[PDB]
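Structure at a glance
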Amino acid sequence: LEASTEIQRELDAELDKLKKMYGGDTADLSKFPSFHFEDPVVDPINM
Amino acid sequence: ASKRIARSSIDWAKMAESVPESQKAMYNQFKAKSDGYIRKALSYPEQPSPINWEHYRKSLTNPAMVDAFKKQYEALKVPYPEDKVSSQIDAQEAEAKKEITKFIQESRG
Amino acid sequence: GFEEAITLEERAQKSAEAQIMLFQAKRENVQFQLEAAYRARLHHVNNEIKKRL
């Protein structure tokens, strides 16, 4: 309510920092993360 | 989920006595190679670290997202992956048994 | 020399007997690797949920 410009800049700075810290650009952090797993590597029988 | 927890370990003493030392120095490599995978087996036990969900439910203003995350975490419980080359070890085990029998009867002769 | 050659053959037969426990060690080595990979993902999933929280 009647927030100044610096408060708006402060809020945008905090949201941008949290987005860059937790990597919100790649995936939506509000929803469940989409895991992209892979089969584990098993060594060959011999050396 | 089963089979081999970190407690399992074969008798290294009899195996070390059996090998002809530097003639089978790959065992010295094999033990250290297996020991390195024990170091990987040292980390990441069966259960993960428990998380107090109630603290995040009370701290967050709207705990509906925490309940959804907890419900999805309980729903997504993936079990162990599949063994790949166990049959190859079993095939070489049968070949080893044939070589065991062949070496035994020749030594008996 | 004949007695020593007998004992050397005795050791060779015993090393053939221990070949089986080597195979079991190889089987446990494979299972250990598959456990360390799968459980780290289970640790990574728990850390990702904690990261979301």
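What the entry reports as its method is cryo-EM, with 2.6 Å given for the resolution.

Taken together, the contact between chain C and chain B spans 37 residues of the former and 45 residues of the latter. Summed over both partners, the interface of chain C with chain B comes to about 4200 Å²; 68% of that surface belongs to carbon and sulfur atoms. Of all residues in chain C, the largest losses of buried area upon contact with chain B belong to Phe32, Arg39 and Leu53 of chain C, amounting jointly to 17% of the total for that side. Summed over the shared surface of chain C and chain B, the result is two salt bridges. Note that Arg4 of chain B is salt-bridged to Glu28 of chain C, the shortest N-O span being 3.0 Å. Scanning the region where chain C abuts chain B turns up eight residue pairs in polar contact.

This part is about the environment of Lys20 of chain A. Turning to its location among the elements, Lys20 of chain A is positioned in helix 1 (residues 5-22). Considering only alpha carbons, one finds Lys20 of chain A and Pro44 of chain A, 24 residues apart in sequence, at a separation of 41 Å.

With 14 residues of chain B at the interface, the matching set in chain A holds eleven residues. Taken over both partners, the interface formed by chain B and chain A buries close to 1100 Å², and the fraction arising from carbon and sulfur atoms is 70%. Broken down residue by residue, the surface that chain B buries against chain A is led by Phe69, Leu76 and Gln92 of chain B, which jointly contribute 33%. Our enumeration of links across chain B and chain A arrives at one residue pair in polar contact. Among the elements of the structure, helix 2 (26-42), helix 4 (64-75) and helix 5 (86-108) of chain B are those that each provide at least two residues to the side of chain B that touches chain A. Partitioned by chemical class, the residues of the side of chain B that touches chain A number eight nonpolar, four polar and two charged.

Before going further, it helps to spend a moment on the side chain of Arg41 of chain C. Structurally, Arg41 of chain C is set in helix 2 (residues 19-52). For the buried residue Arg41 of chain C, which engages in no salt bridge, the nearest side chain bearing the opposite charge is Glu38 of chain A, 9.8 Å off. Setting aside chain neighbours within four positions, we find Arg41 of chain C in contact with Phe37 of chain A together with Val78 of chain B.

Rules of the game
- Residues numbered from 1 in each chain as written, not as in the entry; some residues may be left out.
- Chains lettered and ligands numbered in written order.
- Part of a larger assembly, values for the part shown.
- Heavy atoms only, no water.
- Contact = heavy atoms within 4.5 Å.
- Buried area = accessible area lost by both parts, 1.4 Å probe.
- Salt bridge = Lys/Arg side-chain N within 4 Å of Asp/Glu carboxyl O.
- Polar contact = N/O pair within 3.5 Å; in protein donor to acceptor, adjacent residues only side chain to side chain.
- Helix = DSSP H or I, 4+ residues; strand = E, 2+ residues; numbered from the N terminus.
- Nonpolar A, V, L, I, M, F, W, Y, C, P; charged D, E, K, R; others polar.
- Buried < 20%, exposed > 50% of the residue type's maximum accessible area, 1.4 Å probe, protein only.
- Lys, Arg positive; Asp, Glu negative; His and termini not counted.

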